[PDB]
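The structure under discussion appears below in the form of structure tokens.
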Amino acid sequence: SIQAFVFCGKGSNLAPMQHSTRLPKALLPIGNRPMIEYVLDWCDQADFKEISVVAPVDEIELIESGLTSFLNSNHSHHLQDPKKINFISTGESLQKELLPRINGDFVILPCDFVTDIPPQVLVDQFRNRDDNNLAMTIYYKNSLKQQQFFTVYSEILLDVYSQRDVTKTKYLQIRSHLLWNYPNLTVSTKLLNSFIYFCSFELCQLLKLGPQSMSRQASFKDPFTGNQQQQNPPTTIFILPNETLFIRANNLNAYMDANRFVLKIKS
Amino acid sequence: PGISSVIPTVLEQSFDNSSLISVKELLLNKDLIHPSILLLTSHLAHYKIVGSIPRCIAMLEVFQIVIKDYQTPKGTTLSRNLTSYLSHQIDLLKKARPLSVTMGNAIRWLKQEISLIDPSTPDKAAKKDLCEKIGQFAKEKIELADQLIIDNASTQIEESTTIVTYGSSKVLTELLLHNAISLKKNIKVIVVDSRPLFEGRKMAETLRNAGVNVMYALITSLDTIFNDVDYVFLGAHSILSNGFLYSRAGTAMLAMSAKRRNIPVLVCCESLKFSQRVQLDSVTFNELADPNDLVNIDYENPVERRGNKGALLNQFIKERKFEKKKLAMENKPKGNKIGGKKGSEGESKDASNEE
Amino acid sequence: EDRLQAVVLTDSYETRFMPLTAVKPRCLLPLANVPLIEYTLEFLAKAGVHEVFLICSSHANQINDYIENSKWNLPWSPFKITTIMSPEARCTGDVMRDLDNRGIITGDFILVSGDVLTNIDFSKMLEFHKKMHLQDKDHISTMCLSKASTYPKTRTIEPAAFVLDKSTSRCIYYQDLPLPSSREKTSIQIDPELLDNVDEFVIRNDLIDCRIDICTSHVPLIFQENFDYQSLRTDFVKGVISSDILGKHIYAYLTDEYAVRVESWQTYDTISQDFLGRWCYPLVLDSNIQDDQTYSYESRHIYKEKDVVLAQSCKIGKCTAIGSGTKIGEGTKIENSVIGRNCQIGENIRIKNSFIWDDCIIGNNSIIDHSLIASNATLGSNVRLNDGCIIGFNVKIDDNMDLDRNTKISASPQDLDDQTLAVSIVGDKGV
Numbered sequence: 002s003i004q005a006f007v008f009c010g011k012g013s014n015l016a017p058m059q060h061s062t063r064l065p066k067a068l069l070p071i072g073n074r075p076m077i078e079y080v081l082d083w084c085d086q087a088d089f090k091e092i093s094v095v096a097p098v099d100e101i102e103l104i105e106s107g108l109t110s111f112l128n129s130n131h132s133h134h135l136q137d138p139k140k141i142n143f144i150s151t152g153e154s155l156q157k158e159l160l161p162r163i164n165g166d167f168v169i170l171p172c173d174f175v176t177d178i179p180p181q182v183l184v185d186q187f188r189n190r191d192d193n194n195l196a197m198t199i200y201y202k203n204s205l218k219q220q221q222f223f224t225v226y227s228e237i238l239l240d241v242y243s244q245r246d247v248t249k250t251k252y253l254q255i256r257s258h259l260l261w262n263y264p265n266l267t268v269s270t271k272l273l274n275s276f277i278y279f280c281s282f283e284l285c286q287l288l289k290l291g292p293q294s295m296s297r298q299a300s301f302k303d304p305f306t307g308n309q310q311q312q313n314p315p316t317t383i384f385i386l387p388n389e390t391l392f393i394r395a396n397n398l399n400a401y402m403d404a405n406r407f408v409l410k411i412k413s
Numbered sequence: 237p238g239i240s241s242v243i244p245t246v247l248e249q250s251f252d253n254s255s256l257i259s260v261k262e263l264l265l266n267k268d269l270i271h272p273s274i275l276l277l278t279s280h281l282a283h284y285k286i287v288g289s290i291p292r293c294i295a296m297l298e299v300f301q302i303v304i305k306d307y308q309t310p311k312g313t314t315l316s317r318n319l320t321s322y323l324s325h326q327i328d329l330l331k332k333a334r335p336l337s338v339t340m341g342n343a344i345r346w347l348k349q350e351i352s353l354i355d356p357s358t359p360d361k362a363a364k365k366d367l368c369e370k371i372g373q374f375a376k377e378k379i380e381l382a383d384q385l386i387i388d389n390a391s392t393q394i395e396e397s398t399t400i401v402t403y404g405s406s407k408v409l410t411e412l413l414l415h416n417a418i419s420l421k422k423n424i425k426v427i428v429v430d431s432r433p434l435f436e437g438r439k440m441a442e443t444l445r446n447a448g449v450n451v452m453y454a455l456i457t458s459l460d461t462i463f464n466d467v468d469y470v471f472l473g474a475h476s477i478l479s480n481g482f483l484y485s486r487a488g489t490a491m492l493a494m495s496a497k498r499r500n501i502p503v504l505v506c507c508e509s510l511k512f513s514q515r516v517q518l519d520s521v522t523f524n525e526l527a528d529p530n531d532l533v534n535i536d537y538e539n540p541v542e543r544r545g546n547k548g549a550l551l552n553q554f555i556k557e558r559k560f561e562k563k564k565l566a567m568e569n570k571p572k573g574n575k576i577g578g579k580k581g582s583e584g585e586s587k588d589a590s591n592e593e
Numbered sequence: 024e025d026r027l028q029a030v031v032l033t034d035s036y037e038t039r040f041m042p043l044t045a046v047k048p049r050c051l052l053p054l055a056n057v058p059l060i061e062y063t064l065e066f067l068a069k070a071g072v073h074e075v076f077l078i079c080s081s082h083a084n085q086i087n088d089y090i091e092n093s094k095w096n097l098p099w100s101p102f103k104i105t106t107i108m109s110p111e112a113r114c115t116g117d118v119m120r121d122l123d124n125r126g127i128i129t130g131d132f133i134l135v136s137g138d139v140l141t142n143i144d145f146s147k148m149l150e151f152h153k154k155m156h157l158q159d160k161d162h163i164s165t166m167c168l169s170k171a172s173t174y175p176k177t178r179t180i181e182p183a184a185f186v187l188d189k190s191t192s193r194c195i196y197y198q199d200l201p202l203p204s205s206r207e208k209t210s211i212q213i214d215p216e217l218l219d220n221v222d223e224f225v226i227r228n229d230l231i232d233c234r235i236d237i238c239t240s241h242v243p244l245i246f247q248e249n250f251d252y253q254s255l256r257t258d259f260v261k262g263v264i265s266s267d268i269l270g271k272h273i274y275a276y277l278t279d280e281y282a283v284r285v286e287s288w289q290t291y292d293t294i295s296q297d298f299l300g301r302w303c304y305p306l307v308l309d310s311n312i313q314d315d316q317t318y319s320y321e322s323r324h325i326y327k328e329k330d331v332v333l334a335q336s337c338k339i340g341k342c343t344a345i346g347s348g349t350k351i352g353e354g355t356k357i358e359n360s361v362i363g364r365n366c367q368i369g370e371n372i373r374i375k376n377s378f379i380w381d382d383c384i385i386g387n388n389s390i391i392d393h394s395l396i397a398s399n400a401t402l403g404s405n406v407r408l409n410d411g412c413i414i415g416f417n418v419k420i421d422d423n424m425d426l427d428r429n430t431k432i433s434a435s436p455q456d457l458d459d460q461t462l463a464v465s466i467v468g469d470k471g472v
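Chains as they are written, first to last, in full-length UniProt numbering: chain A, 2 to 17, 58 to 112, 128 to 144, 150 to 205, 218 to 228, 237 to 317, 383 to 413; chain B, 237 to 257, 259 to 464, 466 to 593; chain C, 24 to 436, 455 to 472.
In structure tokens:
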């Protein structure tokens with residue numbers, strides 16, 4: 002039932058390296074070490090035998106050559137390149158395509174990863190607390218602005242609001258039904274999602290019937306609200387996401403922060 | 237293979253009869270163990286609800302899942318590596334939490350069933366009949382037998398009565414729920430609780446959810462609540479050969495007071511709960527747990543305080559030792575309600591020979 | 024640090040209690056057979072007040088006479104009471120300007136709106152107020168808050184949502200919501216002027232209002248400057264936050280222990296049930312504060328004063344209190360209910376979750392359930408009542424009378458049904 006998924010793509014946010062056909066986003070040295078090495082090291086620690094890797098239309102054998110040569129791997133990886141992806150579809154269309162391969166509960170983790178955290182304890186929390194989703198938040202730099222806002226419950238630990246300030250209006254707006262239930266709420270500014278996602282089996286029933294997901298963040302975890310109307314047919383446990391806070395440095399790399407990760411390693 | 241030795245806290249000068257250690262957070266194990274066992278061991282290590290009765294029911298269901306998931310190898314037959322795999326389960330269960338008596342009778346039943354079925358019948362035809370038999374066995378010995386305890390107690394309890402209880406026994410929760418709903422009496426239920434586990438708190442919560450007149454109290458304050467009380471029900475774990483009541487923590491104290499203050503103690507029990515191992519004091523074989531549960535300062539289980547106590551290893555003799563399973567003295571309880579209806583604890587082993 | 028003066032806002036939440044406050048004042052009403060002011064004054068004495076101020080206008084004569092009879096007119100008292108007489112019925116802002124014109128405010132003063140009973144020690148509060156005042160110069164007022172009963176699903180009258188700092192504990196927003204009673208509005212708009220100055224935003228609705236204030240000498244000057252502000256919470260706090268004077272701060276204090284302000288009838292009922300229970304550890308009936316009180320604690324939360332008379336073969340319940348000089352007849356059930364001093368009770372009377380004040384006579388064979396009775400009012404024979412049925416002063420209900428849910432009875436001999462005189466609108470009678 003348990004299996005891990007590695008999500009590979011191509012970067013458009015970065016300035017210089059990625060535009061070349063020979064070099065992909067998966068194979069990039071940051072601190073004299075390859076990027077996908079840390080993903081393989083994590084999966085080896087978490088104890089997973091069934092790992093399947095998804096790939097875009099570009100780089101069909103370059104990822105397969107990187108997994109075989111140099112890299128410790130010692131695991132059977134299933135690399136596939138679907139043709140429905142158009143870049144303008151990113152990952153949700155990839156998720157809707159491959160669904161009969163998954164037998165039970167699945168873990169989604171992108172290729173753009175830097176990790177310095179214990180892996181097994183995140184898996185154990187997913188297994189014990191008995192819910193659909195779990196996400197991780199990590200602090201921004203402290204050594205010598219409008220970004221994004223998360224809401225966290227603290228006693237069971239849950240997630241409610243994750244929407245950014247890009248298309249957000251002049252005023253901060255909250256709904257009453259979503260506040261009256263779960264009355265205590267903590268809003269985070271410094272804490273950021275490092276793309277760690279845990280998922281259950283019962284997600285397979287809804288992905289084939291109703292296409293609603295976007296960018297694997299905006300309308301991925303947001304369908305959870307048992308509020309106001311309640312109209313979408315549920316799979317039978384209340385649809386509820388989770389969150390856990392961490393101190394150590396482990397975050398995403400997509401923008402200008404990639405140069406700061408090199409400064410973090412060399413110390 | 238597993239983690240063994242190296243234990244928190246002092247070895248202790250007094251009381252060192254049992255193991256005080259074990260795996261909470263999963264690190265370095267065999268990659269063949271069925272995850273439903275791994276779930277139950279992680280459950281029972283820090284469990285708040287279970288107390289003797291429900292532990293075996295879950296253990297049976299986990300076994301039923303394993304047999305349903307069991308596919309016989311082409312080379313090795315059914316009775317080849319199964320019993321070794323089961324021995325690995327029990328050893329992992331032992332590492333997490335010392336087993337109950339009812340668990341032992343289940344294992345003994347299962348090992349009898351392995352010997353009964355010879356490797357000659359087809360695989361899918363075998364396991365289909367096996368799980369059906371286990372289901373019928375669990376129906377009879379637990380669920381139906383429980384219903385028999387219910388009705389036996391129903392005749393015994395008088396109309397409009399006050400009852401003081403203790404623990405988190407499944408049989409008694411259903412007993413009182415039956416009294417509140419089906420029979421409709423004026424039942425004042427008082428619940429007592431200890432420090433390591435808020436078992437009675439959970440029972441009272443569930444009784445409140447039914448809508449019962451509930452008082453909630455502690456061991457420290459009893460000579461005030463008693464001076466009111468009629469029948470006292472105790473959550474059985476095991477009744478031994480002699481007729482000593484091996485049960486949870488704050489049980490014997492209550493048993494003593496009730497014997498002293500006229501109106502006595504009653505105990506509901508299962509025919510699977512009886513053992514043949516005998517003892518006379520609490521020191522003999524105790525279910526010891528780590529003082530990590532006693533670190534917290536009052537109120538709830540998770541509070542996380544910068545309080546007064548914190549050190550155990552570095553402190554020059556500071557044994558904050560608590561026990562879980564105690565022994566009530568023989569004469570003090572009066573009634574036992576089982577599969578075979580009734581019988582005083584003086585009689586005790588009239589079920590073990592009857593089988 | 025010593026010398027502290029206090030101002031008490033009375034004549035503030037009148038007619039919020041609908042059938043009462045007709046002849047006698049708001050705060051005169053007893054919680055546990057003792058006036059609401061007495062609780063507040065006890066809180067003042069425990070805090071350490073040297074000078075007391077009171078705001079009386081409506082029924083002011085009865086208040087002044089009660090202070091004359093009080094334990095504080097006597098010379099040994101740590102505080103002296105001086106009453107402020109104002110025009111009849113005005114907002115809190117108008118009284119603030121009146122007091123600033125008179126000019127008695129020195130340094131740090133105290134303001135309490137309504138009557139609050141709390142077991143929380145104030146010495147800690149004063150220290151943390153002073154520590155935060157030494158942090159920065161432009162700092163104004165202090166607010167008290169306590170943790171709610173897990174979910175405030177039954178609490179509808181106080182829907183106040185608070186946005187608070189994790190580091191400095193500064194309030195950001197105040198909002199009222201109709202939500203569960205009236206499903207109409209959902210939206211709450213917040214000002215984004217304080218986003219990166221705070222960073223650690225914490226939004227909570229799970230906090231109970233107290234309306235107890237430690238205030239600086241700035242406050243009465245601001246009220247005179249900005250005379251548009253009528254309220255002290257809804258418009259004032261929000262006005263202070265939203266860049267009226269830049270660099271000015273207001274406190275929000277979190278406390279784990281019990282602190283609830285009285286405002287409504289069903290809130291009053293919960294506080295009273297909390298007082299009968301051992302929620303307020305120091306504030307218990309047995310300790311006796313009014314000096315005339317001679318209450319004694321009995322097991323299973325049963326309170327009895329001295330000279331309690333009771334008939335044989337009678338059952339008493341849980342969380343009950345009975346006054347002095349009280350007589351009870353046979354076949355009576357008293358469960359979760361307060362009965363006042365000098366109250367004569369007939370026979371065969373079943374009481375559950377109800378309320379009776381001082382000097383009340385009840386007729387034989389009557390069932391009273393979750394319903395309130397005021398002082399010097401008599402109940403007849405064969406009286407059946409339901410939940411939330413509040414009966415006014417001197418109301419004589421005659422024999423054979425049945426009243427349904429929420430049937431409020433007027434205290435003055455106007456618009457609502459049932460009055461003070463014999464057979465109250467069951468046959469047209471009443472002035």
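Ideal placement from N, C-alpha and C gives every residue a C-beta, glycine not left out.
Proximal residues of chain A, C-beta to C-beta of residue i below 9 angstroms
i, result
"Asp268(B)", "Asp88, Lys90"
Whether residue i touches residue j by CB criterion (9 angstroms)
i, j, result
"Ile211(C)", "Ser257(A)", "yes"
"residue 465(B)", "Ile257(B)", "Since chain B is numbered 464 and then 466, with no step between, residue 465(B) has no place in the structure shown."
"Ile384(C)", "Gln367(C)", "yes"
"residue 607(B)", "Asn539(B)", "No information on residue 607(B) is available, as it lies outside the stretch 237 to 593 that chain B covers here."
"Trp261(A)", "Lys327(C)", "no"
"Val263(C)", "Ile128(C)", "no"
"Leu230(C)", "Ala171(C)", "yes"
"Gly130(C)", "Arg234(C)", "no"
"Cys412(C)", "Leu402(C)", "no"
Contact list for residue i against chain B, beta-carbon separation under 8 angstroms
i, result
"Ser322(C)", "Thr461, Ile462, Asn464"
"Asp185(A)", "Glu262, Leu263, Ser279"
Residue i: contacting residues in chain B (beta-carbon distance under 9 angstroms)
i, result
"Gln181(A)", "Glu262, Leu263, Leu264"
Chain B contact residues for residue i, given Cβ-Cβ distances below 7 angstroms
i, result
"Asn189(A)", "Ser279"
Integer Cβ distance of residue i from residue j, believed to fall under 8 angstroms
i, j, result
"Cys303(C)", "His324(C)", "Actually they do not touch by this definition, with Cβ atoms about 13 angstroms apart."
"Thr198(A)", "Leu273(A)", "7 angstroms"
"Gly238(B)", "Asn266(B)", "6 angstroms"
Within chain C, partners of residue i - CB distance below 8 angstroms
i, result
"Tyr252(A)", "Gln212, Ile213, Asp214, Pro215"
"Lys218(A)", "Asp219"
Selection of the region 212-231 of chain C by Cβ proximity to chain A, strictly under 8 angstroms: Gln212, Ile213, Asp214, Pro215, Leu218, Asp219, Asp222, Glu223, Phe224, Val225, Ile226, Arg227, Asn228, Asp229: these are the residues of the region 212-231 of chain C whose beta carbon lies less than 8 angstroms from some beta carbon of chain A, given in chain order.
What are the residues of the region 382-404 of chain B that lie near chain C, defined by any Cβ-Cβ distance shorter than 9 angstroms? Correct list: empty, as no residue qualifies.
Can you give me, in chain order, the residues of the region 254-276 of chain A that have a beta carbon less than 9 angstroms from any beta carbon in chain C? Those residues of the region 254-276 of chain A that come within reach of chain C (Cβ to Cβ, closer than 9 angstroms) are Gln254, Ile255, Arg256, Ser257, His258, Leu259, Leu260, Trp261, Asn262, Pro264, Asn265, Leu266, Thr267, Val268, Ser269, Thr270, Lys271.
Within the region 267-304 of chain A, note down every full alpha helix (DSSP H) run reaching 4 residues or more, in order along the chain. As for any alpha helix (DSSP H) of minimum length 4 sitting wholly inside the region 267-304 of chain A, the runs are 285-288, ordered along the chain.
Which ranges would you report for the beta strand (DSSP E) in the region 286-328 of chain C if only whole runs of at least 3 residues count? Taking only runs of at least 3 residues, the beta strand (DSSP E) segments lying wholly in the region 286-328 of chain C are 319-321, 325-327.
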